[PDB]
$ cat entry_32.json   # JSON, C-alpha atoms
[["chain", "number", "residue", "atom", "x", "y", "z"],
["A", 1, "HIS", "CA", -9.33, -20.09, 20.97],
["A", 2, "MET", "CA", -7.28, -16.99, 20.16],
["A", 3, "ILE", "CA", -5.42, -16.30, 16.92],
["A", 4, "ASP", "CA", -2.07, -18.08, 16.56],
["A", 5, "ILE", "CA", -0.46, -15.19, 14.70],
["A", 6, "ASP", "CA", 3.02, -16.77, 14.93],
["A", 7, "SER", "CA", 1.91, -19.96, 13.18],
["A", 8, "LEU", "CA", 0.05, -18.06, 10.46],
["A", 9, "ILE", "CA", 3.02, -15.82, 9.63],
["A", 10, "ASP", "CA", 5.32, -18.85, 9.51],
["A", 11, "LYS", "CA", 3.14, -20.65, 6.97],
["A", 12, "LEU", "CA", 2.98, -17.48, 4.87],
["A", 13, "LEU", "CA", 6.74, -16.90, 4.98],
["A", 14, "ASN", "CA", 7.40, -20.57, 4.17],
["A", 15, "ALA", "CA", 5.06, -20.36, 1.18],
["A", 16, "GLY", "CA", 7.02, -17.38, -0.13],
["A", 17, "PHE", "CA", 10.45, -18.90, 0.45],
["A", 18, "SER", "CA", 9.42, -22.02, -1.47],
["A", 19, "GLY", "CA", 9.20, -19.89, -4.60],
["A", 20, "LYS", "CA", 6.24, -22.09, -5.46],
["A", 21, "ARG", "CA", 2.74, -21.08, -6.49],
["A", 22, "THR", "CA", -0.06, -23.30, -5.20],
["A", 23, "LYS", "CA", -3.76, -23.12, -6.05],
["A", 24, "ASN", "CA", -4.62, -23.69, -2.40],
["A", 25, "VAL", "CA", -3.61, -20.87, -0.08],
["A", 26, "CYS", "CA", -1.39, -22.12, 2.76],
["A", 27, "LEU", "CA", -4.09, -20.83, 5.14],
["A", 28, "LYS", "CA", -7.62, -22.16, 5.65],
["A", 29, "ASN", "CA", -10.58, -19.88, 4.85],
["A", 30, "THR", "CA", -11.46, -19.95, 8.55],
["A", 31, "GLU", "CA", -7.96, -18.63, 9.27],
["A", 32, "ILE", "CA", -8.32, -16.04, 6.51],
["A", 33, "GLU", "CA", -11.64, -15.08, 8.11],
["A", 34, "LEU", "CA", -10.06, -14.65, 11.53],
["A", 35, "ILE", "CA", -7.19, -12.56, 10.16],
["A", 36, "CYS", "CA", -9.56, -10.14, 8.41],
["A", 37, "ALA", "CA", -11.68, -9.74, 11.54],
["A", 38, "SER", "CA", -8.67, -9.10, 13.77],
["A", 39, "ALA", "CA", -7.16, -6.61, 11.33],
["A", 40, "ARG", "CA", -10.51, -4.87, 10.89],
["A", 41, "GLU", "CA", -10.77, -4.39, 14.66],
["A", 42, "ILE", "CA", -7.38, -2.67, 14.74],
["A", 43, "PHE", "CA", -8.04, -0.48, 11.69],
["A", 44, "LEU", "CA", -11.28, 0.87, 13.16],
["A", 45, "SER", "CA", -9.63, 1.45, 16.54],
["A", 46, "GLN", "CA", -6.73, 3.45, 15.10],
["A", 47, "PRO", "CA", -7.37, 6.87, 13.50],
["A", 48, "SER", "CA", -8.31, 7.54, 9.87],
["A", 49, "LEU", "CA", -5.28, 9.81, 9.75],
["A", 50, "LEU", "CA", -2.24, 8.10, 11.23],
["A", 51, "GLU", "CA", 0.35, 10.23, 12.99],
["A", 52, "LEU", "CA", 3.63, 8.35, 13.16],
["A", 53, "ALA", "CA", 6.97, 9.11, 14.77],
["A", 54, "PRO", "CA", 10.23, 8.36, 12.93],
["A", 55, "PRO", "CA", 12.16, 6.30, 12.06],
["A", 56, "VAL", "CA", 9.96, 4.51, 9.52],
["A", 57, "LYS", "CA", 10.26, 3.05, 6.03],
["A", 58, "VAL", "CA", 7.64, 3.90, 3.41],
["A", 59, "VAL", "CA", 6.54, 1.38, 0.79],
["A", 60, "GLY", "CA", 4.58, 2.12, -2.39],
["A", 61, "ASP", "CA", 2.63, -0.32, -4.56],
["A", 62, "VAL", "CA", 3.28, -4.03, -4.14],
["A", 63, "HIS", "CA", 0.40, -5.33, -6.29],
["A", 64, "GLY", "CA", 0.49, -9.02, -5.39],
["A", 65, "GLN", "CA", 4.19, -9.35, -6.21],
["A", 66, "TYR", "CA", 4.74, -11.49, -3.12],
["A", 67, "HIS", "CA", 8.33, -12.60, -3.75],
["A", 68, "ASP", "CA", 9.33, -8.95, -4.18],
["A", 69, "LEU", "CA", 7.59, -8.14, -0.88],
["A", 70, "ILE", "CA", 9.80, -10.71, 0.81],
["A", 71, "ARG", "CA", 12.81, -9.15, -0.92],
["A", 72, "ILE", "CA", 11.74, -5.83, 0.59],
["A", 73, "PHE", "CA", 11.58, -7.24, 4.12],
["A", 74, "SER", "CA", 14.89, -9.05, 3.64],
["A", 75, "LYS", "CA", 16.68, -5.96, 2.33],
["A", 76, "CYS", "CA", 15.01, -3.27, 4.45],
["A", 77, "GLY", "CA", 14.49, -5.31, 7.62],
["A", 78, "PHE", "CA", 11.68, -7.49, 8.95],
["A", 79, "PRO", "CA", 9.09, -6.17, 11.43],
["A", 80, "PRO", "CA", 9.09, -5.05, 14.11],
["A", 81, "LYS", "CA", 12.71, -3.82, 14.25],
["A", 82, "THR", "CA", 11.97, -1.84, 11.11],
["A", 83, "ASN", "CA", 8.85, 0.33, 11.26],
["A", 84, "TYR", "CA", 6.70, 0.30, 8.13],
["A", 85, "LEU", "CA", 4.11, 2.48, 6.45],
["A", 86, "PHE", "CA", 2.53, 1.06, 3.30],
["A", 87, "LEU", "CA", 0.78, 3.39, 0.86],
["A", 88, "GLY", "CA", -1.75, 0.88, -0.47],
["A", 89, "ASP", "CA", -2.43, -1.14, -3.63],
["A", 90, "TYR", "CA", -1.56, -4.54, -2.18],
["A", 91, "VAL", "CA", -3.57, -6.69, -4.59],
["A", 92, "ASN", "CA", -4.39, -7.11, -8.31],
["A", 93, "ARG", "CA", -2.09, -7.54, -11.34],
["A", 94, "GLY", "CA", 0.47, -9.65, -9.46],
["A", 95, "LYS", "CA", 0.58, -13.44, -9.22],
["A", 96, "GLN", "CA", 0.16, -13.86, -5.45],
["A", 97, "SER", "CA", -2.25, -11.19, -4.19],
["A", 98, "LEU", "CA", -3.60, -13.46, -1.44],
["A", 99, "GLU", "CA", -0.25, -14.32, 0.15],
["A", 100, "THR", "CA", 0.72, -10.65, -0.09],
["A", 101, "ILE", "CA", -2.30, -9.08, 1.62],
["A", 102, "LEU", "CA", -2.45, -11.88, 4.22],
["A", 103, "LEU", "CA", 1.16, -11.41, 5.32],
["A", 104, "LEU", "CA", 0.68, -7.65, 5.55],
["A", 105, "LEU", "CA", -2.49, -8.08, 7.62],
["A", 106, "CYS", "CA", -0.81, -10.60, 9.93],
["A", 107, "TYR", "CA", 2.07, -8.19, 10.59],
["A", 108, "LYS", "CA", -0.50, -5.47, 11.28],
["A", 109, "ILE", "CA", -2.10, -7.79, 13.82],
["A", 110, "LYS", "CA", 1.14, -8.84, 15.52],
["A", 111, "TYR", "CA", 2.72, -5.37, 15.56],
["A", 112, "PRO", "CA", -0.20, -2.86, 15.55],
["A", 113, "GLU", "CA", 1.99, 0.08, 16.63],
["A", 114, "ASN", "CA", 5.01, -0.58, 14.42],
["A", 115, "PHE", "CA", 3.27, -1.64, 11.22],
["A", 116, "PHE", "CA", 0.85, 0.43, 9.15],
["A", 117, "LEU", "CA", -1.20, 0.02, 5.97],
["A", 118, "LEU", "CA", -2.96, 2.78, 4.03],
["A", 119, "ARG", "CA", -5.78, 2.35, 1.53],
["A", 120, "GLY", "CA", -4.91, 2.40, -2.16],
["A", 121, "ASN", "CA", -7.29, 2.90, -5.07],
["A", 122, "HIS", "CA", -7.14, -0.84, -5.78],
["A", 123, "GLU", "CA", -8.48, -1.76, -2.33],
["A", 124, "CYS", "CA", -12.15, -1.69, -3.31],
["A", 125, "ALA", "CA", -14.79, -3.94, -4.87],
["A", 126, "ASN", "CA", -14.85, -2.11, -8.22],
["A", 127, "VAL", "CA", -11.15, -2.40, -9.06],
["A", 128, "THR", "CA", -10.54, -5.90, -7.67],
["A", 129, "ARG", "CA", -13.35, -7.13, -9.94],
["A", 130, "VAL", "CA", -11.31, -6.08, -12.95],
["A", 131, "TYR", "CA", -7.63, -6.72, -12.29],
["A", 132, "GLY", "CA", -7.47, -10.19, -10.78],
["A", 133, "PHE", "CA", -8.10, -10.30, -7.03],
["A", 134, "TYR", "CA", -11.80, -11.15, -7.30],
["A", 135, "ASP", "CA", -10.98, -13.94, -9.72],
["A", 136, "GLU", "CA", -8.11, -15.14, -7.52],
["A", 137, "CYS", "CA", -10.38, -15.19, -4.48],
["A", 138, "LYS", "CA", -13.05, -17.11, -6.40],
["A", 139, "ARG", "CA", -10.54, -19.54, -7.89],
["A", 140, "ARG", "CA", -8.33, -20.22, -4.85],
["A", 141, "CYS", "CA", -10.88, -19.63, -2.10],
["A", 142, "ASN", "CA", -14.44, -18.40, -2.64],
["A", 143, "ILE", "CA", -16.52, -15.28, -3.25],
["A", 144, "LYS", "CA", -17.42, -15.19, 0.45],
["A", 145, "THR", "CA", -13.71, -14.80, 1.17],
["A", 146, "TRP", "CA", -13.46, -11.94, -1.34],
["A", 147, "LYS", "CA", -16.33, -10.13, 0.36],
["A", 148, "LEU", "CA", -14.51, -10.46, 3.68],
["A", 149, "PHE", "CA", -11.44, -8.76, 2.20],
["A", 150, "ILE", "CA", -13.58, -5.95, 0.78],
["A", 151, "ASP", "CA", -15.15, -5.50, 4.22],
["A", 152, "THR", "CA", -11.59, -5.23, 5.52],
["A", 153, "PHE", "CA", -10.40, -2.89, 2.74],
["A", 154, "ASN", "CA", -13.29, -0.57, 3.59],
["A", 155, "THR", "CA", -11.85, 0.01, 7.08],
["A", 156, "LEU", "CA", -8.30, 0.94, 6.04],
["A", 157, "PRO", "CA", -6.95, 4.35, 7.13],
["A", 158, "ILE", "CA", -6.62, 6.98, 4.41],
["A", 159, "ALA", "CA", -3.56, 9.10, 5.20],
["A", 160, "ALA", "CA", -0.54, 9.42, 7.48],
["A", 161, "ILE", "CA", 1.62, 12.27, 8.77],
["A", 162, "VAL", "CA", 5.24, 11.40, 9.56],
["A", 163, "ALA", "CA", 6.93, 13.58, 12.20],
["A", 164, "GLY", "CA", 4.41, 16.36, 11.53],
["A", 165, "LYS", "CA", 6.16, 17.17, 8.26],
["A", 166, "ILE", "CA", 5.63, 14.39, 5.71],
["A", 167, "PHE", "CA", 2.09, 13.94, 4.40],
["A", 168, "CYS", "CA", 1.51, 10.36, 3.25],
["A", 169, "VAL", "CA", -1.37, 9.30, 1.02],
["A", 170, "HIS", "CA", -1.73, 6.84, -1.86],
["A", 171, "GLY", "CA", -2.90, 9.08, -4.69],
["A", 172, "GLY", "CA", -2.54, 12.73, -3.79],
["A", 173, "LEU", "CA", -4.26, 15.97, -2.85],
["A", 174, "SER", "CA", -7.90, 17.07, -3.05],
["A", 175, "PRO", "CA", -9.62, 20.32, -4.11],
["A", 176, "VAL", "CA", -12.05, 19.79, -1.22],
["A", 177, "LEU", "CA", -9.46, 19.14, 1.48],
["A", 178, "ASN", "CA", -9.95, 21.98, 3.96],
["A", 179, "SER", "CA", -8.46, 20.44, 7.10],
["A", 180, "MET", "CA", -6.76, 17.33, 8.49],
["A", 181, "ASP", "CA", -9.86, 16.79, 10.63],
["A", 182, "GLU", "CA", -11.77, 16.03, 7.43],
["A", 183, "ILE", "CA", -9.55, 13.01, 6.88],
["A", 184, "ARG", "CA", -9.85, 12.10, 10.57],
["A", 185, "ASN", "CA", -13.64, 12.21, 10.23],
["A", 186, "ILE", "CA", -13.96, 9.92, 7.21],
["A", 187, "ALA", "CA", -16.60, 7.41, 8.32],
["A", 188, "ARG", "CA", -15.54, 3.76, 8.23],
["A", 189, "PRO", "CA", -16.27, 1.24, 6.90],
["A", 190, "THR", "CA", -16.84, 2.80, 3.48],
["A", 191, "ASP", "CA", -16.62, 1.93, -0.19],
["A", 192, "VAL", "CA", -14.67, 4.30, -2.42],
["A", 193, "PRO", "CA", -17.12, 6.97, -3.61],
["A", 194, "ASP", "CA", -17.27, 8.10, -7.23],
["A", 195, "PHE", "CA", -16.53, 11.65, -6.11],
["A", 196, "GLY", "CA", -15.32, 13.66, -3.12],
["A", 197, "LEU", "CA", -12.42, 13.73, -0.68],
["A", 198, "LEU", "CA", -11.72, 9.99, -0.47],
["A", 199, "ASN", "CA", -12.01, 9.56, -4.24],
["A", 200, "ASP", "CA", -9.47, 12.34, -4.82],
["A", 201, "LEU", "CA", -6.99, 11.16, -2.17],
["A", 202, "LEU", "CA", -6.78, 7.75, -3.85],
["A", 203, "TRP", "CA", -6.93, 8.76, -7.52],
["A", 204, "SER", "CA", -5.42, 12.22, -8.02],
["A", 205, "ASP", "CA", -2.08, 12.74, -9.79],
["A", 206, "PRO", "CA", 0.44, 15.59, -9.80],
["A", 207, "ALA", "CA", 1.11, 17.37, -13.10],
["A", 208, "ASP", "CA", 2.86, 20.49, -14.39],
["A", 209, "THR", "CA", -0.50, 21.96, -15.41],
["A", 210, "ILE", "CA", -1.40, 25.64, -15.69],
["A", 211, "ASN", "CA", -4.45, 25.42, -13.43],
["A", 212, "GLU", "CA", -4.42, 24.28, -9.80],
["A", 213, "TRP", "CA", -6.99, 21.61, -10.59],
["A", 214, "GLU", "CA", -8.00, 19.95, -13.86],
["A", 215, "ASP", "CA", -9.85, 16.74, -14.73],
["A", 216, "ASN", "CA", -7.56, 13.72, -14.61],
["A", 217, "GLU", "CA", -7.25, 12.33, -18.13],
["A", 218, "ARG", "CA", -6.66, 8.89, -16.61],
["A", 219, "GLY", "CA", -10.41, 8.90, -16.02],
["A", 220, "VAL", "CA", -10.79, 9.40, -12.25],
["A", 221, "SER", "CA", -10.59, 12.47, -9.98],
["A", 222, "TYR", "CA", -8.27, 15.38, -10.77],
["A", 223, "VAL", "CA", -4.70, 16.40, -11.54],
["A", 224, "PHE", "CA", -3.06, 19.05, -9.37],
["A", 225, "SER", "CA", -0.38, 21.60, -10.24],
["A", 226, "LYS", "CA", 2.83, 22.66, -8.49],
["A", 227, "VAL", "CA", 0.92, 25.63, -7.07],
["A", 228, "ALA", "CA", -1.62, 23.29, -5.45],
["A", 229, "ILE", "CA", 1.26, 21.43, -3.79],
["A", 230, "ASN", "CA", 2.95, 24.62, -2.61],
["A", 231, "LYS", "CA", -0.37, 25.86, -1.21],
["A", 232, "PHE", "CA", -1.07, 22.57, 0.57],
["A", 233, "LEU", "CA", 2.39, 22.41, 2.15],
["A", 234, "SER", "CA", 2.15, 26.04, 3.24],
["A", 235, "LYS", "CA", -1.36, 25.68, 4.68],
["A", 236, "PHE", "CA", -0.63, 22.71, 6.94],
["A", 237, "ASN", "CA", 3.09, 23.40, 7.44],
["A", 238, "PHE", "CA", 4.33, 20.21, 5.79],
["A", 239, "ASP", "CA", 7.69, 19.73, 4.05],
["A", 240, "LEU", "CA", 6.92, 16.77, 1.80],
["A", 241, "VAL", "CA", 4.06, 14.97, 0.09],
["A", 242, "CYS", "CA", 4.82, 11.26, -0.14],
["A", 243, "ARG", "CA", 2.60, 9.20, -2.44],
["A", 244, "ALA", "CA", 2.48, 6.23, -4.81],
["A", 245, "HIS", "CA", -0.15, 5.44, -7.44],
["A", 246, "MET", "CA", 2.25, 5.55, -10.41],
["A", 247, "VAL", "CA", 4.94, 3.27, -11.79],
["A", 248, "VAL", "CA", 8.32, 4.98, -12.04],
["A", 249, "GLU", "CA", 11.47, 3.59, -13.68],
["A", 250, "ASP", "CA", 13.72, 4.03, -10.63],
["A", 251, "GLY", "CA", 11.13, 3.12, -8.02],
["A", 252, "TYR", "CA", 10.97, 6.74, -6.93],
["A", 253, "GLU", "CA", 10.69, 10.20, -8.47],
["A", 254, "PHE", "CA", 10.66, 13.73, -7.04],
["A", 255, "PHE", "CA", 8.49, 16.57, -8.34],
["A", 256, "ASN", "CA", 8.16, 20.34, -7.85],
["A", 257, "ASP", "CA", 11.69, 20.84, -6.48],
["A", 258, "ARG", "CA", 11.55, 17.79, -4.20],
["A", 259, "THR", "CA", 8.29, 18.80, -2.50],
["A", 260, "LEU", "CA", 6.49, 15.69, -3.75],
["A", 261, "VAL", "CA", 7.83, 12.16, -4.20],
["A", 262, "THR", "CA", 6.30, 9.11, -5.86],
["A", 263, "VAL", "CA", 7.27, 5.78, -4.33],
["A", 264, "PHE", "CA", 6.63, 2.55, -6.23],
["A", 265, "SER", "CA", 7.68, -0.86, -4.97],
["A", 266, "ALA", "CA", 6.60, -3.34, -7.64],
["A", 267, "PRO", "CA", 9.69, -4.08, -9.79],
["A", 268, "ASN", "CA", 8.94, -4.76, -13.47],
["A", 269, "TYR", "CA", 5.32, -3.67, -13.01],
["A", 270, "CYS", "CA", 2.83, -5.69, -15.10],
["A", 271, "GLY", "CA", 5.88, -7.54, -16.44],
["A", 272, "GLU", "CA", 6.14, -4.71, -18.97],
["A", 273, "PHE", "CA", 7.87, -1.67, -17.45],
["A", 274, "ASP", "CA", 11.15, -3.17, -16.16],
["A", 275, "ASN", "CA", 11.13, -0.56, -13.40],
["A", 276, "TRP", "CA", 13.00, -0.71, -10.11],
["A", 277, "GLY", "CA", 11.17, -0.75, -6.80],
["A", 278, "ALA", "CA", 11.99, 1.72, -4.03],
["A", 279, "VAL", "CA", 11.51, 2.01, -0.29],
["A", 280, "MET", "CA", 11.87, 5.42, 1.35],
["A", 281, "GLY", "CA", 13.52, 5.43, 4.76],
["A", 282, "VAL", "CA", 12.67, 8.38, 6.99],
["A", 283, "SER", "CA", 15.32, 8.95, 9.66],
["A", 284, "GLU", "CA", 14.72, 10.17, 13.21],
["A", 285, "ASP", "CA", 16.03, 13.53, 11.95],
["A", 286, "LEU", "CA", 13.60, 13.44, 9.00],
["A", 287, "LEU", "CA", 16.30, 12.54, 6.46],
["A", 288, "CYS", "CA", 14.84, 10.72, 3.46],
["A", 289, "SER", "CA", 16.91, 7.96, 1.88],
["A", 290, "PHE", "CA", 16.12, 5.33, -0.74],
["A", 291, "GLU", "CA", 16.81, 1.61, -0.85],
["A", 292, "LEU", "CA", 16.25, 0.15, -4.31],
["A", 293, "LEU", "CA", 15.24, -3.24, -5.71],
["A", 294, "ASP", "CA", 16.07, -4.27, -9.27],
["A", 295, "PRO", "CA", 13.58, -6.15, -11.47],
["A", 296, "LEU", "CA", 14.18, -9.91, -11.49],
["A", 297, "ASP", "CA", 12.60, -12.55, -13.71],
["A", 298, "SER", "CA", 10.61, -15.51, -12.40],
["A", 299, "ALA", "CA", 13.75, -17.66, -12.25],
["A", 300, "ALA", "CA", 15.99, -15.20, -10.40],
["A", 301, "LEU", "CA", 13.21, -14.48, -7.90],
["A", 302, "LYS", "CA", 12.93, -18.20, -7.19],
["A", 303, "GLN", "CA", 16.69, -18.30, -6.63],
["A", 304, "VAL", "CA", 16.54, -15.37, -4.20],
["A", 305, "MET", "CA", 13.73, -17.17, -2.35],
["A", 306, "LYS", "CA", 15.85, -20.31, -2.42],
["A", 307, "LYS", "CA", 18.76, -18.25, -1.10],
["A", 308, "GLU", "CA", 16.82, -16.36, 1.58],
["A", 309, "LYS", "CA", 15.55, -19.61, 3.12],
["A", 310, "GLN", "CA", 18.97, -19.93, 4.76]]
$ encode --input "entry_32.json" --output "structure tokens"
Amino acid sequence: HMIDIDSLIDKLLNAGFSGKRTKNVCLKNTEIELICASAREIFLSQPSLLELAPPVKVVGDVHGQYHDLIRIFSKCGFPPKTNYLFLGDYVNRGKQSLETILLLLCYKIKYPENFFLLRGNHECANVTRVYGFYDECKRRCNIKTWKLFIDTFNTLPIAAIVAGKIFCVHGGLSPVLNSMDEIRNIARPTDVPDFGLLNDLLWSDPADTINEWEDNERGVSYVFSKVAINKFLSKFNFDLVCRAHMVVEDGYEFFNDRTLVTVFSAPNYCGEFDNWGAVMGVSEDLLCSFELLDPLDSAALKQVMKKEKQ
């Protein structure tokens, strides 16, 4: 029997609109298994480097903040009337990583040509072991379920080009990125390597450094200067680098005279930063606009979920 994607999405949406956290996921592990297999099939069939036509809305980190994800869809439009590109980091830190990733995967399944998910640095075995998702899988489901997600994470595409002009990646640039074909030819499935192209694309950060490339003092990959950005844009004839991978107070933040933008969509990240979330709309004429989401507490979020149910 084939996947009842309508019934799965409904259960997921209902779980979110309840505002309630349950130890049991509203979906059976067999259903979770089917979702991961279906999504995996699509990921491997579509290119490693997505090439998307506008309009589209770009979403940064969500990090398990499921109620905020629903706020995003409510405010920016539900699929498939609104086209989405997510920049990765769907799990860890947040309270409802499972609901979050499952809903995103289901939408990918139902609308494979209008809905897109990139790989973030958190979508790997190493990081999920540390910041909650492995423990959440073990506690709410099992370790076998976790492994299935990792198998699925390993097949995610790495980068996207919007309208031939906006380069989209989770982390940033690489010192060993010679051509777009190198991203296209990243073999999948794959774990995140400790070094190399894929490691850089997920972990690099921009900085106003003196050298084009220096070691990232966050511990992984490199930091790249304004010059590196200007060179990259000029080499591949791009206008904008759109990335995530960093919490910013207003949900978004331009750099190097608006040639790079950081988009972050987890309001009040870690419960500590009190940041806004942002979603970047890219018009058919390549105009970039920003819809913002303010940080709500647990009680206000529940009220918005209560509200949105009608």
$ closest_residue --input "entry_32.json" --among "A:237, A:38, A:211, A:178" --to "residue 197 of chain A" --atoms "only C-alpha atoms"
A:178
$ atom_distance --input "entry_32.json" --atom1 "atom CA of residue 296 of chain A" --atom2 "atom CA of residue 69 of chain A"
12.6 Å
$ atom_distance --input "entry_32.json" --atom1 "atom CA of residue 144 of chain A" --atom2 "atom CA of residue 36 of chain A"
12.3 Å
$ closest_residue --input "entry_32.json" --among "A:41, A:217, A:257, A:51" --to "residue 154 of chain A" --atoms "all atoms listed in the file"
A:41
$ residues_around --input "entry_32.json" --residues "residue 137 of chain A" --least-positions-apart "2" --cutoff "12 Å" --atoms "only C-alpha atoms" --output "PyMOL selection string"
chain A and resi 23-25+29+32+91-92+96-99+101+128-129+131-135+139-150
$ residues_around --input "entry_32.json" --residues "residue 85 of chain A" --least-positions-apart "6" --cutoff "6 Å" --atoms "only C-alpha atoms" --output "list in words"
residues 58, 116 and 117 of chain A
$ residues_around --input "entry_32.json" --residues "residue 266 of chain A" --least-positions-apart "2" --cutoff "12 Å" --atoms "all atoms listed in the file" --output "ChimeraX atom specification"
/A:59-72,88-95,244-252,263-264,268-279,292-296
$ atom_distance --input "entry_32.json" --atom1 "atom CA of residue 225 of chain A" --atom2 "atom CA of residue 205 of chain A"
9.0 Å
$ closest_residue --input "entry_32.json" --among "A:81, A:40, A:165, A:57" --to "residue 105 of chain A" --atoms "all atoms listed in the file"
A:40
$ residues_near_point --input "entry_32.json" --point "(17.1, -14.8, 5.7)" --cutoff "12 Å" --atoms "all atoms listed in the file" --output "PyMOL selection string"
chain A and resi 13-14+16-17+70-78+304-310
$ residues_near_point --input "entry_32.json" --point "(9.3, -2.2, 14.1)" --cutoff "10 Å" --atoms "only C-alpha atoms" --output "PyMOL selection string"
chain A and resi 55-57+77-84+111-115
$ closest_residue --input "entry_32.json" --among "A:206, A:157, A:54, A:171" --to "residue 188 of chain A" --atoms "all atoms listed in the file"
A:157
$ closest_residue --input "entry_32.json" --among "A:42, A:202, A:3, A:229" --to "residue 124 of chain A" --atoms "all atoms listed in the file"
A:202
$ closest_residue --input "entry_32.json" --among "A:109, A:39, A:187, A:44" --to "residue 5 of chain A" --atoms "all atoms listed in the file"
A:109
$ axis_aligned_box --input "entry_32.json" --around "segment 33-42 of chain A" --padding-each-side "4 Å" --output "JSON"
{"center_x": -9.4, "center_y": -8.9, "center_z": 11.4, "size_x": 12.5, "size_y": 20.4, "size_z": 14.6}
$ decode --input "entry_32.json" --residues "segment 14-44 of chain A" --atoms "C-alpha atoms" --output "short mmCIF file (atom, residue, chain, number, x, y, z; two decimals), in the first residue's frame"
data_model
loop_
_atom_site.label_atom_id
_atom_site.label_comp_id
_atom_site.auth_asym_id
_atom_site.auth_seq_id
_atom_site.Cartn_x
_atom_site.Cartn_y
_atom_site.Cartn_z
CA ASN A 14 -2.64 18.75 14.27
CA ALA A 15 0.17 17.89 16.69
CA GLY A 16 1.65 21.35 16.17
CA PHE A 17 -1.63 23.22 16.48
CA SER A 18 -2.34 21.49 19.79
CA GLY A 19 0.63 23.34 21.27
CA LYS A 20 1.20 20.13 23.20
CA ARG A 21 4.38 18.09 23.54
CA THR A 22 3.90 14.32 23.68
CA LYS A 23 6.54 11.66 24.32
CA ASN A 24 5.05 9.52 21.57
CA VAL A 25 5.38 10.98 18.08
CA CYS A 26 2.00 11.28 16.35
CA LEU A 27 3.40 8.95 13.67
CA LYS A 28 4.31 5.26 13.99
CA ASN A 29 7.93 4.21 13.45
CA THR A 30 6.77 2.28 10.38
CA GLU A 31 5.35 5.54 9.04
CA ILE A 32 8.55 7.38 9.96
CA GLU A 33 10.43 4.62 8.11
CA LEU A 34 8.30 5.04 4.99
CA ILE A 35 8.68 8.83 4.99
CA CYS A 36 12.48 8.61 5.18
CA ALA A 37 12.61 6.09 2.34
CA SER A 38 10.33 8.14 0.10
CA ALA A 39 12.24 11.35 0.79
CA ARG A 40 15.57 9.60 0.23
CA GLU A 41 14.40 8.42 -3.20
CA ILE A 42 13.58 12.00 -4.21
CA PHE A 43 16.80 13.49 -2.83
CA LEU A 44 18.96 11.02 -4.77
#
